[PDB]
Amino acid sequence: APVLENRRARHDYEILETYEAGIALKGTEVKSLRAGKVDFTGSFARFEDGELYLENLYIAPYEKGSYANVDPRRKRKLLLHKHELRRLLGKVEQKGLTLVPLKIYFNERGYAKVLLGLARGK
RNA sequence: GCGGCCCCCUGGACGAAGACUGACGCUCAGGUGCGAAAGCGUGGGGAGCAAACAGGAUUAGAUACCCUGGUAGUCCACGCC
RNA sequence: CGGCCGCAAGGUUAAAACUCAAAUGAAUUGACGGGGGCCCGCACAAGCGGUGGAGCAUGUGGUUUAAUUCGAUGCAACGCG
RNA sequence: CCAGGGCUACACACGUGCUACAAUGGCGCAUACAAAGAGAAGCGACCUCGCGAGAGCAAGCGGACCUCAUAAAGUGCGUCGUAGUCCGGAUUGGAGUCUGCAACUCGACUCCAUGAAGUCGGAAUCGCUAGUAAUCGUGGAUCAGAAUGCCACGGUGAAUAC
RNA sequence: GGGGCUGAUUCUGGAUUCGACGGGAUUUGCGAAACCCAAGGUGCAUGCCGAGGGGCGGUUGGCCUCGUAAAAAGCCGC
RNA sequence: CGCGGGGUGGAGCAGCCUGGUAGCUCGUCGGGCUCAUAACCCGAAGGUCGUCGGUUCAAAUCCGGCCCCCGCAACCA
RNA sequence: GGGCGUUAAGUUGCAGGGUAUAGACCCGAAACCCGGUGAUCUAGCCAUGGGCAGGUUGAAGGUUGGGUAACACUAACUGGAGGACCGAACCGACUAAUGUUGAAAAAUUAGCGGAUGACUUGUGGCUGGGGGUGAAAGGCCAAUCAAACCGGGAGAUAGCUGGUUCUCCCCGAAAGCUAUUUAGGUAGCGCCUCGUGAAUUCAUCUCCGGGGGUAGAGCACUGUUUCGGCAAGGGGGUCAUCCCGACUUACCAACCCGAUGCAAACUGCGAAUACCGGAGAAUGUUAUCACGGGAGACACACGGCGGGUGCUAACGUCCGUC
RNA sequence: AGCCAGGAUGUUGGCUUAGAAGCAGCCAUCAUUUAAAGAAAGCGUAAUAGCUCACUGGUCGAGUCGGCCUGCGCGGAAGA
RNA sequence: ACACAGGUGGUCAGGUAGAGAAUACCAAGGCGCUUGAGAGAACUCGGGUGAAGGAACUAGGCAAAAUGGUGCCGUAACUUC
RNA sequence: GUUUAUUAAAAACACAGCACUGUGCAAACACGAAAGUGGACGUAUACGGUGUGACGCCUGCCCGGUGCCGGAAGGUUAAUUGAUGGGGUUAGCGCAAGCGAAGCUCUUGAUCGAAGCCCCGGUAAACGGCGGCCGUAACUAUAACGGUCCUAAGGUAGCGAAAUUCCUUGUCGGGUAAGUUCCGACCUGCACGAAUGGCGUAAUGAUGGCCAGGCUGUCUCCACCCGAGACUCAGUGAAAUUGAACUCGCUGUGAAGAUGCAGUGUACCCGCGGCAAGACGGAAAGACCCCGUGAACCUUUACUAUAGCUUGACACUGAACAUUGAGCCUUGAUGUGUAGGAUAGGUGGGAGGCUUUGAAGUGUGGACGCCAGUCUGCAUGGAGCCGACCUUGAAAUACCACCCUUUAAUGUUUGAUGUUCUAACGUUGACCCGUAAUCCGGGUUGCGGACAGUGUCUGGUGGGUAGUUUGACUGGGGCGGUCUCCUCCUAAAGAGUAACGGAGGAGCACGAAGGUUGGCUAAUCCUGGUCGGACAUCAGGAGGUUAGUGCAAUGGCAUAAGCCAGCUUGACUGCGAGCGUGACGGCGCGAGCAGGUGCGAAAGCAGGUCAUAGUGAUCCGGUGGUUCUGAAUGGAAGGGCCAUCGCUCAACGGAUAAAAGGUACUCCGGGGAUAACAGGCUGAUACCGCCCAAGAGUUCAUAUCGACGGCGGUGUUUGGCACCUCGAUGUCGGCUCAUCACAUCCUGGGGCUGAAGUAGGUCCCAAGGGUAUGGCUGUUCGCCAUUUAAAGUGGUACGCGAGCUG
RNA sequence: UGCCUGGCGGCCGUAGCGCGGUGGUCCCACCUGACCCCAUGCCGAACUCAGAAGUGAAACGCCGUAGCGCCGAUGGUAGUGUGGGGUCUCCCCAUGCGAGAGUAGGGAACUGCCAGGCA
């Protein structure tokens, strides 16, 4: 099932805007993704420096016929242009915004992309 | 628990008078009998309604409330519970 | 559990360990209800003129920025300090 | 502490206001009737000058005296003739004016030219029950200057209530 | 022991994971590590020379200073 | 082979005999409605009407002709 | 020019050799089709007769008592039910032993199930072969049945197996290729035989004219493997910035050349053999070629040499050659 | 080759040495006196060890040592 | 196919014991079954008895051995009674 | 209860009960070409079919597939009908090229046309299916839960190591000394599960498994005894078999397991009773296995037909009427693209027809219709309206013509739908006569009634029935793979050359990627310089064909065969000396000759492409051309000739146009040409031993071990091969009875030990003798119990069935 | 006849490459000019036309030189036809044939027709 939304978020925060951002995966992570027993329970995105790294995303190393992978909950970066990135950061702190993982999947050109959005309303 | 009208059979209550029996009364473990609805058995019946079931919706879900359909059952006899 | 009753569903009879510092009855004051009743106020009506469209003045969110200083944010912030 | 800059940014969104979309109007002419308020590092007459904003001179008045001040709607004539118009004035060009050390960023005003959108406004929504609303001017405070804001003042003056 | 599937969702395509952070290349004006020279300022000046210093230590051979023999700087840690 | 019938937004389907509009939705975007949210409610991005040739004042549409799908009946040295 | 023809006598008997059509050299299937004969065994059904010693159990019902307000209830007795119980005849056939050229083509012996039933049995009837009947096993239909028996088509067909008879003499194979619903069959070629005809036709050797890419070798092309280094650059660690120094490091990154070995999809080389051609003598019963009559053969085996395959395993397997 | 002899000095050798004084260990393998004696040959002590060695004297008195090329043989060699 | 241990419906039914048409012995009746004689080995068939043990046999208690009648007493789970 | 007569009596069949379904009676259904008959002298409480199988509790989820039951707007569709078009003939006409009337004829195939199938809905006590992936719960684990795959749905209860469980003797518990079985549990159900029924169940059972008492010759372990044989005598008197025998053991050899061969050992001649190791002993032309273009039954969405059922047309086959669809005929309405006097069809005639044969313009009726407007009879009336008009791409309700739109109506044609009747036809209602008759016939009547039914034609359905097909190679067969073509290696220096040997490719492409004339010349590296890199283009040098060649590989290619331009069609027609290569069918190469061409000044080159793949015989037709033929003659059809088209006939020499399976119910001909057992050969594998000696062993390689590697022995395992046996060599285990080897389990002798003793380890010598009972399982074996000095390893057809067992 | 050079060939590395030196009267080359013939997939480079100021620089030719290429014995070795033999996966003997590589060494081409120039 390549393509899922975030059933943890609807009833917890509320989206304002929604951006799409390619992720810095490794390959095994991609495999685990092409599968589907990973969860956003607790995962959101954060800017450690000036760059945004979605964190707490757990991606079960591999299942069906798994094998040697890497740190299930690893700080994975996010891609987004300088302009498209200097924004959401300044609107985070507005008074209380949060970068929460909305949906995940691979695009036309076969690239796993993540969908984030501002959060409030809990 | 019992509602159309009619007849047949039948239990209790109540009143007016007087007469008769003369305490023959109260209660009652055990015992016996009755005991709604649902349910069961053997059959009958079967329009309405209706568990179940079928399907339509509603909903986040909706094995529900709503809607369309509908079996048992509701009715009869007898016997049970 | 045992007994007894029933074709069954089950009924009847009827405990103990264990556990809790309660359980319960009638009566509390409010607040609140997508509860009910009674009843008020330019809260809805009858009217007259507007805003919402336009250009502009001005404020704010936003966006941008080297900085766009801080504050004020339903009514009761936004020609507000 | 000081200079320069920003708070005035501008794809957009909203709030509150202003000005219109006009003959119950515009424009010229002439003529009518207020209130309230301010003033010395202030109001500043007259006179002259410039189209004008304004400037040169200069009385008066600490002020029922003097200045700010020549209310506007209105009334009378006159024209327009229902058009994106003589409606409407945004915008932009040029040339100027008073403030102030300093008007690029950003002041206000002036004169000449330019003459957007707008032909009365969806869902909706705000006001007001009387001298109110509507609509016309006037003044004050801040303030060197910078009022469509705010705070006042009177003129005209309705509709409507089961 | 043989058969199929699997190494990124576009079946021969053209580097669009737009993406960051990181790396490479080009340009530019500011800092001297962007840079070079010495006019530009000044007179005993110059350089190399040689030698020594804060409760303590280390580094700029350095920051300081002295001149035919002896006194004081900047950063970090305790 | 032949009789049909069919392709039109990112998928869905009307406009197909009538010529004269490129739309009806789902879904994103705003803007409406609330005291706010929901729910209804609107306006837009977006399609060579498959293709090309064509008559008309004008074509998705009537004509053409072919690529292409699907139904059938039939063909296969 | 080319193809086919003209430049060779045919014909009819007779004997023989082949082929064709026929049973076509003889014997042999399992089967297929046609017509009849069979239900005296067996399967089912129909009509009509028969059989079931002896013992058990004791259903429905009924009677009289008891008991009750009356029913309930109960008790004796009576009754005589049943794919009911034990057990002979009868019917079956579960186990074992014997028997197995039997006493017997399914039995004997000891045990075994049923035994008033969907029981069993006599006589007769009816159902017929792709048909019957079947409490279903493909069972039974006359010692049999996934299609009876008998006669016929009939000498079915048999690319299979077997067999094939008197004598002497001459020659003398093949177990290969090509095709094949072919693979143990067959066809054409090759090889045997007979005949006619034709050149020194053919073989061996000698001298002459040839092309080889094999054995071996080599590593230029090319390829692989191993070792060494290049100034430089570079990398790593070490004193820790940094000596932009030194050392060891082993480390590889950018195109470096050198040496050695090997060569199935390779050669900058290259034999022996073998083969093709010319010419020539000798020898050889034409050994050669063409035509024609008769074929057989197309399962090969081992051994040597050169190899693929396998284990340089096999009395393995697949080619070449003797 | 026997035999009779010697087999040492720094040095009990410094040493991550509990004890080493040759020895799994320590490192190097240098260094004194002699005829010549190894910071090491050994079976190997609680350690000093006792006892033989590689290496040197005497004795004896002529041969001795073991690589290469080749012949024939030997072990390696167990089945019903 | 045999002078074949097999198959073949009906009828008759004595005595003693016995429930009996079972079984045993007999009656009436009918039979010794068409090669005999000796021997007294293995082995085979069919039988009898067996110390101690008692399923150790075996695929398996196969085959044997065992129980065996009439009356009265007594008789568990379970049960469709 | 039934059943395999004659190896199976059972858990199979039957059963009462249950359910689904069909059947209205001339019933369905069955035997019958039919008549008839059964069903039944019955009548839905009846009768057939099918599944399930007392009773109890129950019987969940899925309708996509396949059946069946319905519906139906659409799509396609049979006989039939026979519209068009095209052809043959020839009266005539053209002097002639050709045309061609009527007729007759060949073809074409519109329109009509029912079921079917597609389609839509039901349906599971119809035939069936009841799965994957993922995610999710406090630690694990699982997953109540949620996604998903679209394949219709994903297992409810109950049960579960089972008559189902592969691993498996699962694990735990119980029973036993010990239990592969058993019982009770767990759930990890390879692969239970709800009328192909699930789970239970008292009774019953010559039913399967387990336990125990009693019993015992079943056994330790056999003894004695009575009887029938066996043995002797007498009489009678068989059998299968058999090339001939003067018919020994060993070891070897050998068509591979020897009485017969070699070598050798041993043995005087002949009976009798006994035993079964050999005579691959007898019996049956192996039943397994493979082969044959064998047979037969059986199956099915194999092929092809066919009875049955079903659809339509026509025939037997009626009289009256009504309504209505579709043509076709007149007639009369009918046209709101935009400027504009306005709900303009198109062309064409077309400057007056029309009106007193009574006009506008007022007034209604019927009327259509985007209620925009229009037409009309009636009528008042009472005497007119129109034309380029200037605009419109196109001008007149001025009107008239042949017409399309759409429309309406009488009519003609053709369909269908309905109603009323009767005479064919039916009657398996009634009554009458033949006739004392249940048949049949005729008659009368009632009931149906042109239906039903039957013939002919036709579409569908049709394992109910029938005939057949279902390849071959193969290191047996099957499974997989392969089948034609091309390149290379094997291939042994000419050609050719095999394998289920090692590697790759083809089933095309191109009107230029062909022809010619002229011209040009790659890769790779260095150096520089834009992005720009190890390689993008550019310069120079090196290099020198490594590049390139449409594509696999080999051979070629510079004179280029590589690359670019101009002109062009030689990608040409007829032929072809001569040669290659093939059994053949065929295939290839070819100078040159004639015609005509393109390029070139010209010599000259060109009959496709650097070459080698890129293919499909014949038959049967189709299309164009040629009078070659033409069944009396002239034509014509048809045939021939030349060009051409249609096969993944790919199993590629191509059995048919058309074809899959099962057999354990089987059968025949054959084969040891070819598998299973055993033998043989082999020895990779296995087992046994050795060589090296790092290391383990406190120190120390070799007491005991030993890495990495090396050499062997045996014949003994797993295999390879297919030599013997398929006109038969019986397979595992047990029993009984053995016999040999020694690589020795015990006992004996011994060396080393990391050997104190006791007890061990290891090696050497040794084959004399000895070398366990039991639980479980068919087991060999193994595990478990318990003994013993020990419980040896192997060979002997994995010894031993003419000895036993099964 | 000599020396030189251009053309066309034979031969096809003992002929080639490198490196040194060298030649311009003639020849050859570079070279000058280019509207024009003809030309560039751009370019007068090449192709071409008109020429002759310059130069032997490049190219070319000739001479020299053994750094590379090349040629390359003798002897041996390898293999192999026939015969024979072993300890037979591989060899040996007799006989014939006999490499490849390397060694010595060779080697800076040799040659015919025509033309031109100089002596």
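As a reminder, the structure under discussion sits directly above these lines.
**Q** Just checking my understanding: could you explain the protein's contact with RNA strand E for this structure?
**A** Taken together, 20 residues are adjacent to RNA strand E, and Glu-20, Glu-51, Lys-77, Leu-79 and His-81 come closest. A share of 40% of the atoms of RNA strand E within 4 Å of the protein falls on sugar and phosphate groups. At a separation of 2.5 Å, a sugar or linking oxygen of RNA strand E approaches a polar side-chain atom of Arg-34. Note that a base nitrogen of RNA strand E is positioned 2.9 Å from one of the side-chain N or O atoms of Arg-109. Secondary structure elements with two or more residues in the surface near RNA strand E: β2 (18–22) and β7 (112–117). Among the elements that line the surface near RNA strand E, the one with the most residues is β2, at three residues. Its residues assigned to classes, the surface near RNA strand E shows eight nonpolar, four polar and eight charged.

**Q** Just checking my understanding: could you explain the packing of aromatic side chains for this structure?
**A** Each pair of aromatic rings is reported with the distance of its centres and the angle of its planes. This model, assessed by the stated rule, comprises two aromatic pairs. Between the NZ or CZ atom of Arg-34 and the centre of the ring of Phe-106, over which it lies, the distance is 3.9 Å.

**Q** What should I look at first to understand the sheet that holds strand β6 (residues 100–106) in this one?
**A** Sheet strands line up and pair through hydrogen bonds in the backbone, either parallel or antiparallel. The antiparallel open sheet is built from four strands, whose spatial order is β1-β6-β7-β2. Lying at the two open borders of the sheet, with one neighbouring strand each, are β1 (4–5) and β2.

**Q** Can you walk me through the nonpolar core in this structure?
**A** One recurring pattern in soluble globular proteins is that nonpolar side chains are buried together. Residues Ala-45, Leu-52, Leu-54, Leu-78, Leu-99, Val-114 and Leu-116 are the most contacted members of the largest nonpolar core, which totals 16 residues. The set of elements that each furnish at least two residues to this core consists of β4 (52–55) and β7. The dominant element in this core, judged by the number of residues it contributes, is β7, at three residues. Apart from residues lying up to four places away in sequence, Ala-45 is in contact with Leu-52, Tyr-53, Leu-54, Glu-55, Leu-78, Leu-99 and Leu-116.

Parameters and conventions
Residues numbered from 1 in each chain as written, not as in the entry; some residues may be left out. Chains lettered and ligands numbered in written order. Part of a larger assembly, values for the part shown. Heavy atoms only, no water. Near = heavy atom within 4 Å. Polar contact = N/O pair within 3.5 Å; in protein donor to acceptor, adjacent residues only side chain to side chain. Helix = DSSP H or I, 4+ residues; strand = E, 2+ residues; numbered from the N terminus. Nonpolar A, V, L, I, M, F, W, Y, C, P; charged D, E, K, R; others polar. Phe/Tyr/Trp six-rings, centres within 6.5 Å; stacked < 30°, edge-to-face > 60°. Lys NZ or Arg CZ within 6 Å of the ring centre and 35° of its normal. Pairing = 2+ DSSP bridges. Core = buried A, V, L, I, M, F, W, Y, C linked by side-chain atoms within 4.5 Å. Buried < 20%, exposed > 50% of the residue type's maximum accessible area, 1.4 Å probe, protein only. Contact = heavy atoms within 4.5 Å.

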